[PDB]
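All remarks here apply to the structure that follows.
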Amino acid sequence: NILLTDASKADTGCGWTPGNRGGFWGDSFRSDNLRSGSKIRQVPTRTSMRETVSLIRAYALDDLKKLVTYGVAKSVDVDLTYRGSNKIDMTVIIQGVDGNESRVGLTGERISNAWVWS
Amino acid sequence: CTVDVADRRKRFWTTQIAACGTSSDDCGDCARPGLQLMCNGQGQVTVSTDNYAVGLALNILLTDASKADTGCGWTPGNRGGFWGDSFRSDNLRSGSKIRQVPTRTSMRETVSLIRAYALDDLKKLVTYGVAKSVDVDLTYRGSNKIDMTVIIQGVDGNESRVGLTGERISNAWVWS
Amino acid sequence: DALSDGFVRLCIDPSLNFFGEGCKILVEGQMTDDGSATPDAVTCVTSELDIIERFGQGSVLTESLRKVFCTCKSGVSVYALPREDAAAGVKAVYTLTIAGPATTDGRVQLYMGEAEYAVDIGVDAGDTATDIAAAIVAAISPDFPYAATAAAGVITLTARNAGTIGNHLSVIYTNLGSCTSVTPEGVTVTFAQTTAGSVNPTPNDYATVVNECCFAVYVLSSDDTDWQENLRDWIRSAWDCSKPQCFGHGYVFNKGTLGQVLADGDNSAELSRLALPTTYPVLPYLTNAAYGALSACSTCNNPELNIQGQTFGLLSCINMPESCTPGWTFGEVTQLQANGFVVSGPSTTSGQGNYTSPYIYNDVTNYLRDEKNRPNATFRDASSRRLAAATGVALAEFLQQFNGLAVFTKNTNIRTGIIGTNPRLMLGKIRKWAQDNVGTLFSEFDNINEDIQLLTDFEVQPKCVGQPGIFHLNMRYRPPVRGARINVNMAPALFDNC
Amino acid sequence: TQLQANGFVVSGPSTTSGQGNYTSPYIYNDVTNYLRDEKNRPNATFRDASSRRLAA
Amino acid sequence: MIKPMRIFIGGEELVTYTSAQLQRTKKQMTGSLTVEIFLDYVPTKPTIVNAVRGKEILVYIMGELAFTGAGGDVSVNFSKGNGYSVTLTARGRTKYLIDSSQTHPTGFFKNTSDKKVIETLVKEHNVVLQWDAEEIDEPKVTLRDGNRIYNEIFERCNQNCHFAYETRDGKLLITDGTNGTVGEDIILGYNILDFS
Amino acid sequence: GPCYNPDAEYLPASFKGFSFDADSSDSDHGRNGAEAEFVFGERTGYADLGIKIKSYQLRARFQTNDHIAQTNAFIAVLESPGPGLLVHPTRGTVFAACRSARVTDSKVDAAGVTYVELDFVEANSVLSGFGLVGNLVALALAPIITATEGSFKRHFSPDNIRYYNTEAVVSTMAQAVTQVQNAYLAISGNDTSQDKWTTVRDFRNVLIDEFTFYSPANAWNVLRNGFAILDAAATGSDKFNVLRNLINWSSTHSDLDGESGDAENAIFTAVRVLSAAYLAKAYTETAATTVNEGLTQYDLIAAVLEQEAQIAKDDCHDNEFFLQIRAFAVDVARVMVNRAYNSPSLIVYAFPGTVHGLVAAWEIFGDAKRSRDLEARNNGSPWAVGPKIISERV
Amino acid sequence: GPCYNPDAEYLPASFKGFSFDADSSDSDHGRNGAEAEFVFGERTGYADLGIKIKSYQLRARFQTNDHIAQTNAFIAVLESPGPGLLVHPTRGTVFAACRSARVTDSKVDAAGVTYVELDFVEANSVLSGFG
Amino acid sequence: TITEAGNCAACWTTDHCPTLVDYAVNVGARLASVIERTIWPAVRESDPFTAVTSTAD
Amino acid sequence: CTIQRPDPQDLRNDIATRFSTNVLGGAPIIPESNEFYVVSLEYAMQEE
């Protein structure tokens, strides 16, 4: 749901068509003060595809951190590594828990929604 | 009602390029701007009101502004400007001062000075709220000749873009 | 002026529009006899207020033009090529039967052509069918390319221009057979298409009318595939290797079912077909002109901007009511994407009725195979074509510094004081120019060592055949690449081992 | 303008005061009556009256 | 816009106030506005003054009335280096009740109610009364000769519980309970910059 | 750059007319605000309070055989009273005031050069007084009411009209006051406080008496106070229909002749002009939903006022009231036009195709809860608003 | 300049009649006024409040076999009551009053030379009974 | 120039250049006319030794 | 009096509470999940 939905575009002097500026109006009512969606498809493409790879890494990681912020995972992480011609591999790991606290003395704090089993 | 949208604001007369025709003087052909009179089907002439922004830009460029204080002074009646500026509330001056450049050698420097002066003056187009991105491209040195192409970025009478850094200027009804 | 004071003397240029005059767009189409413009001769067109008088009222050209002016107000200068109607052309005639009488008050609303020709009249109770037809004929806009007349409740619409271009109005959007809040109860409408189109012009004279008069965008307002083939031959011969080039690009359309549209295509790399369905509400040449005008007017100094998307490829001057079926099904959309066809769709999902605005996907040309039958994607993007033209002109202006320069081959030891050069130093300078435009004209590269070659004529021709001064520059480039092809491999992990 | 062309000094009133209404004349184009050169080839070297003083 | 205030001495929307403090309270009859104006002085050009000592003001706070009542004083200061400031002060319209002296002819209200004795101890200076508590009857009401328009009211509303203060419109509110109108739940950790 | 000409790119510095050569150029821009640090909280606030005053710092050099005289002249200029015009080498023309000027000048270490470290501050002019801006967001109804009082008391004297008409004139006056009373009784409605209970008794005590309206003073006081009480009973739209009825009631003319007709017409004119003024004040108290709506309301009121002026000018009845009405008309013009065009800055957004209310609100403002705001101005079903949507500026 | 004669362009320094040779010359001219920063406004104010009092800063040198006696005489003059007439080398004659005079004098580091850092203020009389 | 009924107008020779100057001529002549039609009477009529049209009053 | 169109935020809060109590057994409405969109859609219906 996060990766495959466009987030709001950034304000440019050019502007955007009233209907193309991405996002979801339902974000006007949530209370956690965040946005909905990702922006991997809004990278400012450039030459030297290594820089594009780094940019897409930053965007994907910033967007997937919302899994931890919501309290559904704990250590989501990406392993985006290739340059090819345009091909890129972006395996994603979503670290989860179980529905019964079986370990004592952890550094962090049990995710708030460990009932989904993550 | 639903057929509302038409700003009831109108436009007054506008000065226009080549309204009074060119004036050949064997060095070239200038423009001689003035007021264009539009005829009708049956007599009844009428002054045109097209091209508002370029009209303001002409009224700005072709009007001498108040000169700067010197040690000798000026004749009581040559110090440029317009007395009507004593009543506007925006605290600004009316006219341009490209005709007051302190001419010097090395015409590259006079080019830079004319650029500074014309850009300072034409920033008032954005300041009044009639354009948004005025800019000049003064580029030549020749013997004395110079080109001074001027661009006046405009908008339309209906906001068709969302999520701008700036703002709809102030007077986008003139169509800019 | 002698009466002035200072010395800096302003001389305003006689006329404005300097910004343009580098993006000339040529609109070609038919005209009626009302106009006073000479047929088969390109003429500049300044503004919008004098096209009805010059190219006939309600004609095809005085209606395309109108959209070229609506799309972008300034940035380009438009040139019309009016074409006289065919000799034996017979105008297409549809009819529209109205059956009453009315029983309750209401309004009658119709959408013919586009939103600018719409009609909205008032109907009282007890009004008969003849009166309704009379009011409708009196309220139809006179610029609608269909002379409308009334007779005893039957409205006859005759095309103003004879040819097949009259056979593209078959989706009239009435307001008579439903329960909208405003509806004369007891009236019905019936559509017909009595006669039909006929023979079209086939000019084939571009060489004479425009020969060294280089344009940027040619818009064609007709559907005769042979006229489109003559236009394509013209633009192709303008992209030749023999004579100096006047690079251009053409915008035509192709309306019909899926099979008909896939059959109307070819390997034509100089045109951008616009595939339009069988039940398109708008007249096709209107939206074709809007697309062509936006393309010609937005990519003046930005020749890489792809005209596609809800922002950069939105045709604001076209307003359709949406339809229950979505025209091209998604399968046909992909089919057309693959076979080098442009596809336009509605931007917002507004629901049935409910006016909308079409936008362009895939601003691509009709190029899918090479000269030796090798599948390619070099000239697929319509931006790649403009980039190739711009790089040609840029390299041609850069290489002017070697015109008349002294060159030293066979000794490559320019003496102290000479202003000469030699092929290796020229190759270095050229290759530096090339890798200096990386990002604006070319992609990164693949191997710049064997991509740029500068040979002398003395070593290309056979022995004792070369001439002094002639060179041979071979360059192989790639336009700037965009986007990526990420392969996500998402996988959860319930176990933990830090 | 005809007089400006043939190296003639022109004087005109400074203020726009209306009929009657005393004023004061001033000078435009402080130029000399030099428009052609030796060997009949037009020039502008000695047109300005300051060019002459600067030559001296 | 963060813009809270827009003061009007009569229509002149203060745009120079370098600072401001507006206090409202139930423990007393009035409030206390305190504006700070710049007031430059060029010792060659003509200068103009405003001797208001009574010219009436209001303080629309965050697009809503907050106060209503430069009556207080003018306090033009001076200094060499940061001088030329003007502190204006403005009490509440219910003031003359505070600084006057009763001038009712009789002095002996007989078979009256506290509301009535308060209505005639106020309508000598045109301060409409917002009576919203009750009517208590009392036989003998003798006002000490020229006591004060505010001491007597405070005495007459203390022996029958009635808070006496001023509203935002410019009226005298004699209440017995609260003004209702509940609001923000200030929580420690949410908006309290400081507490005591 | 490689061909950067400095002195063709930096402006030659000068202060207050005197020119000099500068060695440095600084600025101290900024934006000052508060900083909130709520206790025990993982959150922080900020409030923008205004503009930080600009300050410039320069370093002038004097390396010339007569640098001592130049430095003395520059000192004499810098100590001139009052701020003056400064040409900052990289910011152009500003108005600054010198605040410090250190003059370093050594002899046995570096003779020949003199350095001056200058410190200027943006010194904007002021307007002596309390710099009191105008009030062009509101109507002042005092001058027009005073002029109405004058024109009423000039043409109304039920002691100087023929005896067979005084009862008729006075009955007309009482009828006007009755109309104002009915207006108040219909506008208050559910006002239970005793203040109504008295105002009603005051109206009745005035109407029942017989000798009250035989004096111009009492009649005018009753009329003005009645209109003021009718004003203070509601706010905005509520007072529209009522006041418009009054404009229609006093849209008649008197059939009596000579002085009697003039008295009755004075009654009618007073009522109509007071109603037009208070209806203008009522329109101003409420926000315009559409530019055409505000302009139509202004058209109505300006038409009424021009009608009254033409009446008060017909055969030189009173020139003075004509001029007064003309002035109040231009005032109501400025206020109503500013309200219609600028109170909320209404713009017409152009959407591609019709869209929902929530989606339109969220795309325009970035806040979908403002959808309620798009319904009062646009007509069209909530699920299909557009494709042109009137709203406020952003 | 190329032939700028220094000691024919700077005036010989002297305070209250006692002459000395100066090595530096500073000044602190100015003009003091207010600065208005009206809240919530893109505007600023300024009001000129007068003239800033001038101050002069000099550095005297004494490099002579009798620099101790000269330094002590200079100290005795500087501490004489009341303002006195000062000849600033680059500003001519003024009426100044001494405010501080630091007298640095090492022995096993720099014997023979004595430096004095002087700080004067523009000093005018008023009258006696406030004007 | 002067037309038939006074009214000092502008002389549009067949090379004119419409500008605001002729509007200024217009407003000046207006001012002169409105002075001679509004202030000259009402000042001629306020003195019993110069009244002309208001002798009855 | 009595009843009137509810504050938008209050309306959505009540719809979310009902949805999570009567359907999801009390689970919170995690943003950007299918229940978040279903609740947004129901709120839109009630607003229209």
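Here, A, B, ... name the chains of the structure tokens in the order displayed, residue numbers run from 1 inside each chain, and ligands are numbered from 1 in the same displayed order.
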task = Please report as a ChimeraX atom specification which residues of chain B come no farther than 12 Å from chain H, using only C-alpha atoms.
result = /B:13-16,18-22,32-38,46-48,59
Restricted to N, CA, C and O atoms, what would the selected residues look like written as a PDB file, in the first residue's frame?
ATOM      1  N   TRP B  13      -7.575  52.553 -21.463  1.00  0.00           N
ATOM      2  CA  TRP B  13      -6.738  52.626 -22.650  1.00  0.00           C
ATOM      3  C   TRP B  13      -5.322  52.180 -22.318  1.00  0.00           C
ATOM      4  O   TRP B  13      -4.884  52.248 -21.169  1.00  0.00           O
ATOM      5  N   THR B  14      -4.604  51.707 -23.332  1.00  0.00           N
ATOM      6  CA  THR B  14      -3.216  51.300 -23.164  1.00  0.00           C
ATOM      7  C   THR B  14      -2.363  51.903 -24.268  1.00  0.00           C
ATOM      8  O   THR B  14      -2.788  51.967 -25.424  1.00  0.00           O
ATOM      9  N   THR B  15      -1.167  52.357 -23.907  1.00  0.00           N
ATOM     10  CA  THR B  15      -0.204  52.780 -24.912  1.00  0.00           C
ATOM     11  C   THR B  15       0.312  51.561 -25.653  1.00  0.00           C
ATOM     12  O   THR B  15       0.518  50.501 -25.060  1.00  0.00           O
ATOM     13  N   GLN B  16       0.521  51.706 -26.954  1.00  0.00           N
ATOM     14  CA  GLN B  16       0.906  50.569 -27.771  1.00  0.00           C
ATOM     15  C   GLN B  16       2.095  50.921 -28.646  1.00  0.00           C
ATOM     16  O   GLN B  16       2.244  52.056 -29.095  1.00  0.00           O
ATOM     17  N   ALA B  18       4.182  51.290 -31.886  1.00  0.00           N
ATOM     18  CA  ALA B  18       3.864  51.599 -33.277  1.00  0.00           C
ATOM     19  C   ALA B  18       2.403  51.985 -33.463  1.00  0.00           C
ATOM     20  O   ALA B  18       1.816  51.737 -34.517  1.00  0.00           O
ATOM     21  N   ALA B  19       1.796  52.588 -32.442  1.00  0.00           N
ATOM     22  CA  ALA B  19       0.441  53.097 -32.609  1.00  0.00           C
ATOM     23  C   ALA B  19       0.424  54.299 -33.537  1.00  0.00           C
ATOM     24  O   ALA B  19      -0.521  54.479 -34.312  1.00  0.00           O
ATOM     25  N   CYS B  20       1.459  55.129 -33.478  1.00  0.00           N
ATOM     26  CA  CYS B  20       1.591  56.275 -34.363  1.00  0.00           C
ATOM     27  C   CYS B  20       2.537  56.021 -35.527  1.00  0.00           C
ATOM     28  O   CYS B  20       2.821  56.948 -36.289  1.00  0.00           O
ATOM     29  N   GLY B  21       3.042  54.805 -35.675  1.00  0.00           N
ATOM     30  CA  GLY B  21       3.826  54.440 -36.833  1.00  0.00           C
ATOM     31  C   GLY B  21       5.307  54.712 -36.648  1.00  0.00           C
ATOM     32  O   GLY B  21       5.731  55.459 -35.771  1.00  0.00           O
ATOM     33  N   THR B  22       6.104  54.101 -37.516  1.00  0.00           N
ATOM     34  CA  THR B  22       7.547  54.248 -37.445  1.00  0.00           C
ATOM     35  C   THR B  22       7.975  55.624 -37.941  1.00  0.00           C
ATOM     36  O   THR B  22       7.226  56.333 -38.618  1.00  0.00           O
ATOM     37  N   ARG B  32       7.657  55.033 -32.153  1.00  0.00           N
ATOM     38  CA  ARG B  32       6.730  56.133 -31.897  1.00  0.00           C
ATOM     39  C   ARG B  32       5.412  55.631 -31.318  1.00  0.00           C
ATOM     40  O   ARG B  32       4.393  55.623 -32.017  1.00  0.00           O
ATOM     41  N   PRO B  33       5.391  55.193 -30.065  1.00  0.00           N
ATOM     42  CA  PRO B  33       4.156  54.669 -29.482  1.00  0.00           C
ATOM     43  C   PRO B  33       3.205  55.765 -29.035  1.00  0.00           C
ATOM     44  O   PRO B  33       3.613  56.861 -28.650  1.00  0.00           O
ATOM     45  N   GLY B  34       1.914  55.435 -29.065  1.00  0.00           N
ATOM     46  CA  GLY B  34       0.853  56.361 -28.720  1.00  0.00           C
ATOM     47  C   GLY B  34      -0.424  55.635 -28.355  1.00  0.00           C
ATOM     48  O   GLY B  34      -0.369  54.601 -27.690  1.00  0.00           O
ATOM     49  N   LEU B  35      -1.576  56.143 -28.782  1.00  0.00           N
ATOM     50  CA  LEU B  35      -2.865  55.523 -28.492  1.00  0.00           C
ATOM     51  C   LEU B  35      -3.518  55.101 -29.798  1.00  0.00           C
ATOM     52  O   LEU B  35      -3.609  55.899 -30.735  1.00  0.00           O
ATOM     53  N   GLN B  36      -3.972  53.853 -29.860  1.00  0.00           N
ATOM     54  CA  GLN B  36      -4.573  53.306 -31.069  1.00  0.00           C
ATOM     55  C   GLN B  36      -6.076  53.549 -31.049  1.00  0.00           C
ATOM     56  O   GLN B  36      -6.749  53.192 -30.079  1.00  0.00           O
ATOM     57  N   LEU B  37      -6.602  54.145 -32.116  1.00  0.00           N
ATOM     58  CA  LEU B  37      -8.030  54.402 -32.250  1.00  0.00           C
ATOM     59  C   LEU B  37      -8.656  53.335 -33.137  1.00  0.00           C
ATOM     60  O   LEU B  37      -8.299  53.215 -34.311  1.00  0.00           O
ATOM     61  N   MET B  38      -9.588  52.571 -32.579  1.00  0.00           N
ATOM     62  CA  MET B  38     -10.292  51.536 -33.326  1.00  0.00           C
ATOM     63  C   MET B  38     -11.589  52.111 -33.879  1.00  0.00           C
ATOM     64  O   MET B  38     -12.376  52.703 -33.137  1.00  0.00           O
ATOM     65  N   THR B  46     -12.953  54.468 -31.150  1.00  0.00           N
ATOM     66  CA  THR B  46     -12.776  54.019 -29.773  1.00  0.00           C
ATOM     67  C   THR B  46     -11.331  53.600 -29.553  1.00  0.00           C
ATOM     68  O   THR B  46     -10.735  52.947 -30.410  1.00  0.00           O
ATOM     69  N   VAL B  47     -10.782  53.976 -28.402  1.00  0.00           N
ATOM     70  CA  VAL B  47      -9.392  53.687 -28.071  1.00  0.00           C
ATOM     71  C   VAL B  47      -9.261  52.227 -27.653  1.00  0.00           C
ATOM     72  O   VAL B  47     -10.052  51.727 -26.848  1.00  0.00           O
ATOM     73  N   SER B  48      -8.251  51.546 -28.185  1.00  0.00           N
ATOM     74  CA  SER B  48      -8.059  50.134 -27.898  1.00  0.00           C
ATOM     75  C   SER B  48      -7.506  49.935 -26.495  1.00  0.00           C
ATOM     76  O   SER B  48      -6.875  50.820 -25.917  1.00  0.00           O
ATOM     77  N   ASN B  59       5.154  52.805 -20.522  1.00  0.00           N
ATOM     78  CA  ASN B  59       4.972  53.971 -19.664  1.00  0.00           C
ATOM     79  C   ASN B  59       6.078  54.083 -18.628  1.00  0.00           C
ATOM     80  O   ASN B  59       6.382  55.183 -18.159  1.00  0.00           O
TER      81      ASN B  59
END
Chain A contacts on chain B, only C-alpha atoms, 12 Å, as a PDB file with N, CA, C and O atoms, in the first residue's frame:
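Here's the written file out30.pdb:
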ATOM      1  N   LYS B 132       5.317  38.453 -13.428  1.00  0.00           N
ATOM      2  CA  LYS B 132       5.939  37.680 -12.362  1.00  0.00           C
ATOM      3  C   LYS B 132       7.440  37.494 -12.536  1.00  0.00           C
ATOM      4  O   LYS B 132       8.164  37.401 -11.541  1.00  0.00           O
ATOM      5  N   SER B 133       7.926  37.415 -13.769  1.00  0.00           N
ATOM      6  CA  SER B 133       9.316  37.035 -14.003  1.00  0.00           C
ATOM      7  C   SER B 133       9.966  37.894 -15.081  1.00  0.00           C
ATOM      8  O   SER B 133      10.583  37.382 -16.015  1.00  0.00           O
ATOM      9  N   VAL B 155       0.455  35.426 -16.916  1.00  0.00           N
ATOM     10  CA  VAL B 155      -0.415  34.350 -16.460  1.00  0.00           C
ATOM     11  C   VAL B 155      -1.739  34.468 -17.197  1.00  0.00           C
ATOM     12  O   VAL B 155      -1.877  35.288 -18.109  1.00  0.00           O
ATOM     13  N   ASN B 158      -7.510  32.496 -15.144  1.00  0.00           N
ATOM     14  CA  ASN B 158      -8.068  31.397 -14.367  1.00  0.00           C
ATOM     15  C   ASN B 158      -6.917  30.552 -13.854  1.00  0.00           C
ATOM     16  O   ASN B 158      -6.108  30.064 -14.647  1.00  0.00           O
ATOM     17  N   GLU B 159      -6.845  30.375 -12.540  1.00  0.00           N
ATOM     18  CA  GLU B 159      -5.799  29.551 -11.952  1.00  0.00           C
ATOM     19  C   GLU B 159      -5.972  28.117 -12.420  1.00  0.00           C
ATOM     20  O   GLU B 159      -6.888  27.420 -11.977  1.00  0.00           O
ATOM     21  N   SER B 160      -5.102  27.671 -13.320  1.00  0.00           N
ATOM     22  CA  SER B 160      -5.138  26.308 -13.828  1.00  0.00           C
ATOM     23  C   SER B 160      -4.005  25.448 -13.295  1.00  0.00           C
ATOM     24  O   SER B 160      -3.824  24.325 -13.770  1.00  0.00           O
ATOM     25  N   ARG B 161      -3.236  25.949 -12.334  1.00  0.00           N
ATOM     26  CA  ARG B 161      -2.116  25.228 -11.752  1.00  0.00           C
ATOM     27  C   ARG B 161      -2.238  25.239 -10.237  1.00  0.00           C
ATOM     28  O   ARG B 161      -2.661  26.235  -9.650  1.00  0.00           O
ATOM     29  N   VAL B 162      -1.864  24.132  -9.607  1.00  0.00           N
ATOM     30  CA  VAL B 162      -1.973  23.963  -8.164  1.00  0.00           C
ATOM     31  C   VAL B 162      -0.601  23.660  -7.586  1.00  0.00           C
ATOM     32  O   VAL B 162       0.193  22.935  -8.194  1.00  0.00           O
ATOM     33  N   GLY B 163      -0.324  24.218  -6.412  1.00  0.00           N
ATOM     34  CA  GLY B 163       0.919  23.948  -5.724  1.00  0.00           C
ATOM     35  C   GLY B 163       2.069  24.758  -6.267  1.00  0.00           C
ATOM     36  O   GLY B 163       3.052  24.203  -6.758  1.00  0.00           O
ATOM     37  N   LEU B 164       1.956  26.075  -6.184  1.00  0.00           N
ATOM     38  CA  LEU B 164       2.999  26.978  -6.637  1.00  0.00           C
ATOM     39  C   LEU B 164       3.842  27.437  -5.458  1.00  0.00           C
ATOM     40  O   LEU B 164       3.366  27.516  -4.324  1.00  0.00           O
ATOM     41  N   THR B 165       5.110  27.736  -5.735  1.00  0.00           N
ATOM     42  CA  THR B 165       5.952  28.336  -4.711  1.00  0.00           C
ATOM     43  C   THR B 165       5.511  29.761  -4.414  1.00  0.00           C
ATOM     44  O   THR B 165       5.379  30.147  -3.247  1.00  0.00           O
ATOM     45  N   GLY B 166       5.265  30.551  -5.454  1.00  0.00           N
ATOM     46  CA  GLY B 166       4.819  31.918  -5.280  1.00  0.00           C
ATOM     47  C   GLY B 166       3.324  32.032  -5.072  1.00  0.00           C
ATOM     48  O   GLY B 166       2.712  31.168  -4.439  1.00  0.00           O
ATOM     49  N   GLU B 167       2.727  33.103  -5.589  1.00  0.00           N
ATOM     50  CA  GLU B 167       1.293  33.334  -5.484  1.00  0.00           C
ATOM     51  C   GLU B 167       0.804  33.966  -6.775  1.00  0.00           C
ATOM     52  O   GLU B 167       1.564  34.658  -7.455  1.00  0.00           O
ATOM     53  N   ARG B 168      -0.450  33.700  -7.127  1.00  0.00           N
ATOM     54  CA  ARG B 168      -1.107  34.490  -8.156  1.00  0.00           C
ATOM     55  C   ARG B 168      -0.897  35.960  -7.845  1.00  0.00           C
ATOM     56  O   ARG B 168      -1.206  36.418  -6.744  1.00  0.00           O
TER      57      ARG B 168
END
message = Env of segment 11-19 of chain G: 7 Å cut, atoms = only C-alpha atoms, seq-sep filter 6 positions within chain, self excluded. Answer as a PyMOL selection string.
response = chain G and resi 84-90
Residues from last step as file, C-alpha atoms, as a compact mmCIF listing (two decimals), in the first residue's frame:
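Final file, again_37.txt:
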# COMPACT_ATOMS: atom_id res chain seq x y z
CA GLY G 84 42.46 71.26 27.50
CA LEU G 85 43.29 72.07 23.92
CA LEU G 86 44.49 69.08 21.89
CA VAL G 87 46.17 69.05 18.48
CA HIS G 88 45.06 65.85 16.79
CA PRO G 89 47.50 65.06 13.97
CA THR G 90 44.82 64.46 11.32
List every residue of segment 25-149 of chain B that DSSP, applied to the backbone, labels as strand (DSSP E), and write the result as a tab-separated table (two decimals) with N, CA and C atoms, in the first residue's frame.
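After the write, out30.tsv holds the following:
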chain	number	residue	atom	x	y	z
B	34	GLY	N	1.91	55.44	-29.06
B	34	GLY	CA	0.85	56.36	-28.72
B	34	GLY	C	-0.42	55.64	-28.35
B	35	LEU	N	-1.58	56.14	-28.78
B	35	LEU	CA	-2.86	55.52	-28.49
B	35	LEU	C	-3.52	55.10	-29.80
B	37	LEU	N	-6.60	54.14	-32.12
B	37	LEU	CA	-8.03	54.40	-32.25
B	37	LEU	C	-8.66	53.34	-33.14
B	38	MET	N	-9.59	52.57	-32.58
B	38	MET	CA	-10.29	51.54	-33.33
B	38	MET	C	-11.59	52.11	-33.88
B	46	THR	N	-12.95	54.47	-31.15
B	46	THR	CA	-12.78	54.02	-29.77
B	46	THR	C	-11.33	53.60	-29.55
B	47	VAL	N	-10.78	53.98	-28.40
B	47	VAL	CA	-9.39	53.69	-28.07
B	47	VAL	C	-9.26	52.23	-27.65
B	135	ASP	N	12.61	39.96	-17.11
B	135	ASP	CA	14.06	39.80	-17.24
B	135	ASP	C	14.50	40.35	-18.59
B	136	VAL	N	15.74	40.84	-18.64
B	136	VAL	CA	16.30	41.40	-19.86
B	136	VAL	C	17.53	40.59	-20.24
Please report, as a Markdown table, each residue of chain B lying at most 10 Å from chain D, together with the nearest pair of atoms and the separation in Å rounded to one decimal; use only C-alpha atoms, and order rows by chain and ascending residue number.
| residue | atom | partner | partner_atom | distance |
| --- | --- | --- | --- | --- |
| B:25 | CA | D:1 | CA | 9.9 |
| B:75 | CA | D:14 | CA | 9.9 |
| B:76 | CA | D:15 | CA | 9.8 |
| B:77 | CA | D:15 | CA | 7.3 |
| B:78 | CA | D:14 | CA | 8.7 |
inquiry  = Please list as a ChimeraX atom specification every residue within 9 Å of residue 10 of chain H, counting only C-alpha atoms and excluding residues in the same chain fewer than 2 positions away.
reply    = /H:1-2,8,12,22,25-26
Using C-alpha atoms, can you export the residues from the last selection as a tab-separated table (two decimals), in the first residue's frame?
chain	number	residue	atom	x	y	z
H	1	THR	CA	-7.87	76.57	-31.93
H	2	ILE	CA	-11.29	78.10	-31.25
H	8	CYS	CA	-10.84	75.93	-27.36
H	12	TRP	CA	-6.02	67.47	-35.47
H	22	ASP	CA	-5.15	66.19	-25.94
H	25	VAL	CA	-6.26	70.12	-23.37
H	26	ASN	CA	-9.78	68.80	-22.84
inquiry  = List as a PyMOL selection string the protein and nucleic acid residues near residue 100 of chain B, meaning an atom at most 9 Å away when only C-alpha atoms are counted, but skip any in the same chain fewer than 2 places from it.
reply    = (chain B and resi 64+67+96-98+102-103) or (chain C and resi 6-8)
inquiry  = Residues within 9 Å of residue 113 of chain B, please, as a PyMOL selection string. Count only C-alpha atoms; anything in the same chain fewer than 3 positions from it doesn't count.
reply    = (chain B and resi 98+101-102+108-110+116-118) or (chain F and resi 8-9)
Keeping only C-alpha atoms, write the selected residues to a file as a CSV table (one decimal), in the first residue's frame.
chain,number,residue,atom,x,y,z
B,98,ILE,CA,18.2,54.6,-18.1
B,101,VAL,CA,23.5,56.8,-17.0
B,102,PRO,CA,26.9,58.4,-16.1
B,108,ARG,CA,31.1,47.0,-21.5
B,109,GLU,CA,30.7,49.0,-18.2
B,110,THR,CA,28.0,51.2,-19.7
B,116,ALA,CA,21.2,47.4,-13.8
B,117,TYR,CA,19.1,50.4,-14.4
B,118,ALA,CA,16.6,48.7,-16.7
F,8,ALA,CA,32.0,46.8,-13.7
F,9,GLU,CA,30.0,44.6,-11.3
request  = Using only C-alpha atoms, find which residues of chain F lie within 10 Å of chain G and jot them down as a PyMOL selection string.
outcome  = chain F and resi 48-54+63-69+71-72+75-83+95-112+114-128
